Amino acid sequence: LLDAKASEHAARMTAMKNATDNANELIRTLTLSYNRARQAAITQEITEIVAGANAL
Amino acid sequence: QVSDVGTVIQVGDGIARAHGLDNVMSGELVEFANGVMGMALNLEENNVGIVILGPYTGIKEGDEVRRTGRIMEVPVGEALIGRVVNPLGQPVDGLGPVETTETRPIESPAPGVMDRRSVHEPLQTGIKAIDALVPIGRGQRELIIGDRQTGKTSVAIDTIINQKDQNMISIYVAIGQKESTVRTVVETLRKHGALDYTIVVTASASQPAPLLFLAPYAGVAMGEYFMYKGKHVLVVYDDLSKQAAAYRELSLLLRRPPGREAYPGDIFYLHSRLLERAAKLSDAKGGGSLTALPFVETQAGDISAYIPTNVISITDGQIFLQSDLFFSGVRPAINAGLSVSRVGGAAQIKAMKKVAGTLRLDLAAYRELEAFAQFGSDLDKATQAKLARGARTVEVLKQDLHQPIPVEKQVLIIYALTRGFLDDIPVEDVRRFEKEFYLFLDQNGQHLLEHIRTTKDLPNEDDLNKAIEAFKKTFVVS
Amino acid sequence: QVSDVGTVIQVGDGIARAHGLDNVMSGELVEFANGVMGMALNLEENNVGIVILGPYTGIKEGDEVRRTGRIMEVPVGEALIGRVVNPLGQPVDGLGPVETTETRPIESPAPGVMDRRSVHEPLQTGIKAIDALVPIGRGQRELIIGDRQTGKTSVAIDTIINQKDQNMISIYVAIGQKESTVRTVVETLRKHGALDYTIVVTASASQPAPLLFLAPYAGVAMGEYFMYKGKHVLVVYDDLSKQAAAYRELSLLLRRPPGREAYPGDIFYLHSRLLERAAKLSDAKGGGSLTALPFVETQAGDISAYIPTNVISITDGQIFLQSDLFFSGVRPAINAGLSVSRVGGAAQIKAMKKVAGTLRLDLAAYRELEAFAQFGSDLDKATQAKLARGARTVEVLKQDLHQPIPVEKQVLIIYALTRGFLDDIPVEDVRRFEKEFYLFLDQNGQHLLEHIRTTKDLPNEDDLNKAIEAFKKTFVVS
Amino acid sequence: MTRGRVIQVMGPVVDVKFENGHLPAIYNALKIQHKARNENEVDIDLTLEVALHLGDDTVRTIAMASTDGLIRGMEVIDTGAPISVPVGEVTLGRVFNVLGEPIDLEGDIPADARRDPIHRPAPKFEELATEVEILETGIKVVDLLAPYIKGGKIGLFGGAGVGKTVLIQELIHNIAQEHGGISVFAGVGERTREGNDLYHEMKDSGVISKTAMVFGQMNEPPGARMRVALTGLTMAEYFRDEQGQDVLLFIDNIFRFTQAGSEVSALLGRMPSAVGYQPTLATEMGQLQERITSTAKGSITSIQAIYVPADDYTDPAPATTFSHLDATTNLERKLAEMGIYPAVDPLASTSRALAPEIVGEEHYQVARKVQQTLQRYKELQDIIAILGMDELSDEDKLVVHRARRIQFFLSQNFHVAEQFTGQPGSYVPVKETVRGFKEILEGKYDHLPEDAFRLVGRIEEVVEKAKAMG
Amino acid sequence: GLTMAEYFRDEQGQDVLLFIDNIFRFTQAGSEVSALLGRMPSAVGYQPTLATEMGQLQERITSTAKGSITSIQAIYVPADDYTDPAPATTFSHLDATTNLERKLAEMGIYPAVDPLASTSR
Amino acid sequence: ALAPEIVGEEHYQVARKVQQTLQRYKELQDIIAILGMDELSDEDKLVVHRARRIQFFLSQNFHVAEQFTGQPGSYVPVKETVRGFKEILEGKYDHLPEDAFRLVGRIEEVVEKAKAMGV
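Protein chains in written order, with PDB author numbering: chain G, 229 to 284; chain A, 24 to 501; chain B, 24 to 501; chain E, 1 to 470; chain D, 232 to 352; chain F, 353 to 471.
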């Protein structure tokens with residue numbers, strides 16, 4: 229029983245570490261898309277403002 | 024030969040266009056027929072774009088426009104101390120006129136790079152968190168940025184009040200604020216006795232956009248009069264974002280080309296021109312100094328917006344206030360993780376430098392491990408001790424409203440916290456420990472207080488430890 | 024006089040506007056008094072819009088514009104080989120002028136449906152990875168796409184160098200590249216002897232946008248003259264992304280409305296009009312061919328961007344260079360997942376089709392099995408042999424800088440691989456084994472080399488196995 | 001007569017009308033010098049730069065200073081050439097603004113001194129050098145793991161308090177000492193107090209006598225903030241061309257130069273591009289950078305500090321800037337606390353020159369081995385952190401032993417640090433650095449303590465220090 | 232409505248209440264009419280006079296020596312985007328906040344005012 | 353045209369079941385990426401097991417693609433497609449490796465490919 233408890237704790241620790249690594253990778257892959265979308269939004273907004281100004 | 028006279032062509036939204044005025048200057052002050060002042064901004068080929076500095080409902084097409092020949096300027100002098108004045112120099116309170124003798128233009132060249140000296144004099148704001156983690160020096164300009172409901176006005180009021188005996192002239196500029204809030208702030212300053220060395224410049228929301236645009240320059244021009252006489256001046260801009268918005272409104276109404284977020288191209292030039300006039304003058308120039316504390320308001324705490332980005336790039340540091348921290352009962356609500364002072368270290372006394380580093384390290388560790396505080400099963404040695412120290416550090420950094428603390432008492436209490444003498448005091452009783460420690464100090468630690476005040480350095484370690492232990496002997500724990 | 028002479032009205036940002044020129048035609052070349060050539064785009068009712076092809080500092084309002092009577096053209100001929108010229112055909116390297124006696128229009132129609140033929144002749148790049156996995160045929164448009172600093176120019180230089188003994192004429196077009204880099208590239212080509220059959224067209228980043236916009240069309244116009252005479256031409260465009268940026272700048276300067284990523288509407292037409300001129304002519308038209316290797320630079324490996332998608336939707340396949348696996352430095356790693364040659368395979372020689380099929384499967388299996396972070400199961404058949412084979416294939420696919428390899432030796436080494444002849448030699452000795460094997464081959468296996476060169480099929484398998492075994496016996500393992 | 005008249009004043013944009021057939025050329029400099037004719041006027045001394053020809057003999061210009069007090073109809077005089085800045089020995093040890101006037105208090109330059117135009121075409125393809133050459137800086141880490149190329153652009157990354165100014169001063173000192181070439185510092189959009197601090201640091205380090213300093217104040221108009229870089233570059237081009245020596249050029253922040261260009265374009269009213277930047281961003285950057293080259297009788301090499309907006313390396317401004325860089329050096333805060341004073345990250349820094357064809361096969365092999373050893377130590381660090389030390393194998397223990405020695409030997413003592421430490425500086429040749437690192441990799445000095453490898457210079461200093469201490 | 236309340240604040244000198252059904256529509260209407268009036272667009276298509284219009288409306292609701300006007304303004308945030316210019320301008324004038332909770336309403340705790348979300352200076 | 357009264361009740365039911373299991377597999381993707389297969393419930397393992405095979409079996413070899421790969425290509429009738437997908441959904445081929453379903457065509461080709469591989 230004692231050996232089983234020790235093994236359970238070690239396995240949970242390893243699983244949590246792997247989960248943290250996967251979460252960090254997902255975070256960076258999402259930040260790339262966030263930057264792309266931010267650039268696209270800024271471009272669209274400035275284009276709309278300039279077009280509205282030129283319309284007059 | 025219609026040179027000094029003009030006739031209005033178009034009126035609307037606080038903007039008027041006038042024919043004639045051949046010899047008018049750019050940026051000149053112009054008076055309309057009914058007595059409403061105006062400022063010339065767009066000197067076009069056949070007409071002049073004039074912004075109106077008052078109620079424009081009484082101006083119709085065909086009215087006469089008179090040229091005054093004076094560049095936009097504001098009154099300066101000691102007579103403005105203790106007065107509430109609009110950006111044009113006219114008092115808004117009913118206390119009567121002002122007897123200023125000389126005036127200076129709102130737009131002036133900044134001090135040259137060879138006329139400055141490195142910042143080396145601390146500016147005590149009376150707030151433990153600011154004075155320990157993000158120190159402010161005389162001549163430095165520091166940004167206070169955060170959402171609403173974070174007490175930026177409270178910080179400004181406390182740091183203005185704390186200058187009562189430090190021989191400094193304070194100027195408070197309110198842009199786009201509510202007149203009721205301005206009145207309450209003025210009453211608070213009067214009650215605490217700060218009105219005998221401070222000046223208040225107000226331009227509320229109902230005021231025309233050019234007044235909001237011009238208010239910070241009027242404040243800086245008033246401050247420079249004292250700054251160039253060898254004195255020290257503190258200037259607070261209650262909100263620069265609203266001033267930028269007013270400038271954007273004026274530029275868009277004048278049909279100037281719009282940039283990002285419809286702002287004109289020279290918004291960064293506007294803000295840099297305003298904020299580059301705060302400097303520490305050299306000894307040959309008189310040794311005066313001017314420090315600025317601009318405010319920037321964010322929505323949902325996004326520092327990535329255009330105006331916050333520009334102001335952060337311009338200033339020498341930033342103090343960040345957090346909405347969740349403010350809601351959690353932490354009145355100062357200062358986030359030390361994102362705050363930074365590029366002049367720090369040189370702007371602190373030796374006693375504060377000797378103690379600030381360990382406090383910063385402890386706060387960083389507690390902020391790292393804060394999210395996992397509800398686990399008492401963690402490592403009994405490292406994590407528990409770090410959490411116990413961090414909780415007491417957070418309790419120590421709290422402060423009451425409108426009650427600034429002397430720098431010597433701040434040094435002593437932070438030393439006591441960082442040397443472990445508070446490790447046995449309960450987290451809930453830390454505040455009471457601090458209050459009775461201040462009382463015990465002002466009762467029988469006058470030698471230590473005087474030594475700190477007159478040497479800017481810590482007293483004997485054994486004497487300080489004996490005093491702390493003696494106080495702990497008589498302290499009572501709930 | 025306005026029938027053939029005009030007068031400039033406006034000058035700015037590289038775009039002019041002239042009054043007069045009643046007889047000018049759309050697309051004509053015009054010459055200013057300063058000597059700088061120009062192109063007439065818009066023929067408005069009372070003025071002509073002119074784009075300046077050069078330095079516009081010396082052009083002032085009031086200058087005269089003179090007609091030339093020729094639609095936009097470039098000189099072309101045999102005298103252009105071994106020279107470095109700008110998009111206008113003016114020599115840049117010095118060495119005296121160019122004695123060309125013919126001209127071709129910049130805007131020319133592409134060959135029609137009935138004028139083309141299927142691609143059936145291989146283009147040997149001298150690179151093992153490309154020639155084995157992504158074959159290129161004469162008359163094919165193949166895109167080389169990757170991030171910055173991934174050796175795309177090195178690949179282009181190696182491909183150009185490998186055409187020494189083949190009946191091919193190379194044209195190198197540099198758009199927006201550093202002039203020092205172009206100088207070093209030209210020096211390397213001269214050192215290796217490629218200037219005997221290559222033409223260099225340059226347009227540095229300091230040049231105005233119109234020259235960068237016009238350079239690829241000048242290059243393809245120079246290539247078409249050789250193509251229509253029955254010869255074979257290889258053209259390399261170095262940055263279609265930079266050309267697109269220049270065109271976007273010009274369009275926005277012309278007040279044309281932008282679209283996706285501020286690019287103009289016809290950004291796809293700009294690239295299609297250029298890349299549709301590379302084709303394999305039919306026997307009736309003469310049997311000539313022009314092949315193109317456009318370059319596109321990505322940001323963080325994103326092939327979903329506007330320009331990369333536009334170029335992918337035009338060419339006959341793409342080669343993707345992997346920045347992270349470019350860690351080897353000497354040779355870029357071709358991502359086999361995205362790289363594909365739609366038209367290739369049919370043009371590949373018979374031996375390579377026989378040999379590379381199993382190498383493709385081995386590399387795919389290795390790349391899918393890898394990234395297990397040292398798994399502990401280590402099943403023999405599923406893991407050990409496949410990993411050893413994949414490591415040996417990866418080692419084989421490496422190459423030295425500016426060291427193209429003949430196709431016969433490529434075939435022989437790839438046959439030595441994938442038949443088990445390398446599974447005993449350690450992976451760290453694979454490169455030395457390959458070098459020694461090439462020396463042994465060109466010393467003794469002249470019969471095998473001549474068989475491969477005369478007929479595109481493999482030699483007698485028993486003889487090849489005997490030769491490989493003899494070399495293995497003579498080889499010493501570190 | 002070449003006399004113009006002001007007809008429009010809209011912020012920093014001024015329009016001037018000339019007599020027919022006498023318009024100034026693009027990029028010309030116009031002067032306005034007015035004296036108060038009465039009590040309703042102010043004195044004016046303003047400089048304008050021609051930008052566009054609007055037709056009807058009208059020219060649109062951008063001001064170099066404040067436009068307050070301008071009156072329509074004021075006389076404008078054309079100088080007949082772009083902005084001219086004095087060049088030569090007289091610029092050494094002086095501080096200048098964009099107009100070329102001195103900023104310090106040592107007096108004015110005589111009016112007869114030679115001056116050169118700000119705007120100039122890039123050098124021809126004929127004049128460029130046909131080979132790549134290495135600029136020996138004398139710093140071990142730079143010369144080994146990220147070599148500098150004559151005529152190339154080097155990107156510098158780092159924050160405050162990490163040693164940027166110390167590295168700059170040491171580079172200037174070493175270049176002046178061992179190559180006889182001066183350096184030029186160009187401050188674009190800097191903070192005024194930081195510029196003053198840097199000036200005083202270069203003053204008390206004894207380095208300012210060999211450099212020319214140009215500051216574009218952050219309160220200056222966008223035209224000045226955009227042309228300061230060209231002023232510095234044309235100051236350096238004189239020494240490249242006439243004196244025929246290798247010259248350094250430092251730019252405080254080029255992103256602020258691009259931002260100033262964007263502001264100028266927005267003021268001029270051109271339609272925006274990309275993420276709100278000017279359409280001419282690429283060509284402006286190319287015109288700035290293409291003049292920093294290595295010709296047949298000289299070279300200019302530039303060290304540029306780069307700021308990345310919102311930490312996005314795909315932003316158009318850093319993306320365009322990175323296409324011109326040839327190397328990159330990163331200053332590491334972690335190494336700053338660890339005690340490596342140069343603080344250059346051995347793994348983040350990269351250089352195009354680290355190729356066998358350029359630095360040599362032996363140099364390439366030594367650099368690759370050092371990088372591999374440092375990387376292996378980097379992975380092992382977590383194993384030592386979590387697991388026991390005994391879990392390391394023999395080769396892992398040897399690698400850990402070698403990596404600390406290599407990391408400490410990458411440090412160096414600077415001449416600038418002498419005023420604060422006492423020990424003199426050292427200039428280390430690249431071949432000596434390669435030999436020392438090869439000897440360290442061979443295990444020839446394993447028995448020496450790791451503290452003996454700190455702040456030494458050449459390899460013999462390590463053994464001399466070890467013998468002195470034991 | 233503001234003038235109707237101002238009469239009672241000024242003449243009768245008593246504390247009164249002013250309820251506004253939705254303050255966002257007040258700015259939206261001005262944004263709609265700005266383009267036809269012929270002004271250049273603002274950041275998110277709003278009018279360039281948004282801040283001054285909102286200030287001139289709100290600043291008349293103040294406490295004086297005699298009487299006062301206090302206002303309860305229901306605010307609608309489109310798509311819960313608190314960075315929108317109209318809510319951003321409106322929030323600069325508020326002094327308190329009350330949030331109604333459907334969970335509390337279902338539990339039967341009237342007035343269903345959220346005890347934690349509500350704040351006041 | 354995907355209606356019970358047009359394509360048939362069996363066809364409609366099989367298509368709906370395939371779409372449902374594919375949607376469930378798509379939903380489980382984030383949990384799979386973060387934690388892995390170990391945390392899925394007992395039936396979610398079966399859902400993933402069936403969904404991967406269904407997705408692979410949806411592929412096909414084309415007649416026009418023979419010149420680039422050598423695969424002769426196939427033409428699968430709708431009745432055969434429905435029968436094969438129903439058999440896969442019923443769990444008849446749960447033991448075969450997922451690579452056997454890649455580019456075959458009819459359901460019998462899956463068995464032939466698996467047997468050739470060595471199952």
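By construction, the Cβ of each residue, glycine as well, lies at the ideal position given by its N, Cα and C atoms.
Here's the rule I'm using: 16 or more other beta-carbon atoms within 10 Å means buried, otherwise exposed. How should residue i be labelled?
| i | result |
| --- | --- |
| residue 158 (chain A) | buried |
| residue 339 (chain B) | buried |
| residue 395 (chain B) | exposed |
| residue 414 (chain F) | exposed |
| residue 472 (chain E) | With chain E covering only 1 through 470, there is no way to say anything about residue 472 (chain E). |
| residue 250 (chain D) | exposed |
| residue 280 (chain D) | buried |
| residue 364 (chain A) | buried |
| residue 436 (chain F) | buried |
| residue 301 (chain B) | buried |
On the DSSP bridge assignment, give the partners of residue i in chain order.
| i | result |
| --- | --- |
| residue 44 (chain E) | E:34 |
| residue 31 (chain B) | B:41 |
| residue 15 (chain E) | E:8 and E:60 |
| residue 374 (chain F) | Beta-bridge pairing links residue 374 (chain F) to no other residue. |
| residue 127 (chain B) | B:97 |
Taking the continuous alpha helix (DSSP H) assigned at residue i, which residues delimit it?
| i | result |
| --- | --- |
| residue 314 (chain A) | Not the alpha helix (DSSP H): residue 314 (chain A) falls in the beta strand (DSSP E), residues 312-320. |
| residue 295 (chain A) | 290-298 |
| residue 356 (chain A) | Residue 356 (chain A) -> no alpha helix (DSSP H), and no H or E assigned at all. |
Cβ atoms of residue j and residue i: under 9 Å apart, would you say?
| i | j | result |
| --- | --- | --- |
| residue 228 (chain A) | residue 338 (chain D) | no |
| residue 154 (chain E) | residue 301 (chain E) | yes |
| residue 411 (chain B) | residue 450 (chain B) | yes |
For the beta strand (DSSP E) that contains residue i, what are its first and last residues?
| i | result |
| --- | --- |
| residue 153 (chain E) | 153-157 |
| residue 73 (chain A) | 70-75 |
Contact set between the segment 381-396 of chain F and chain G, restricted to residues whose Cβ is under 8 Å from the partner
Hits within the stretch, in order: 385, 386, 387, 388 and 390.
Members of the segment 62-81 of chain A near chain E, C-beta cut-off 7 Å
65, 66, 67 and 68
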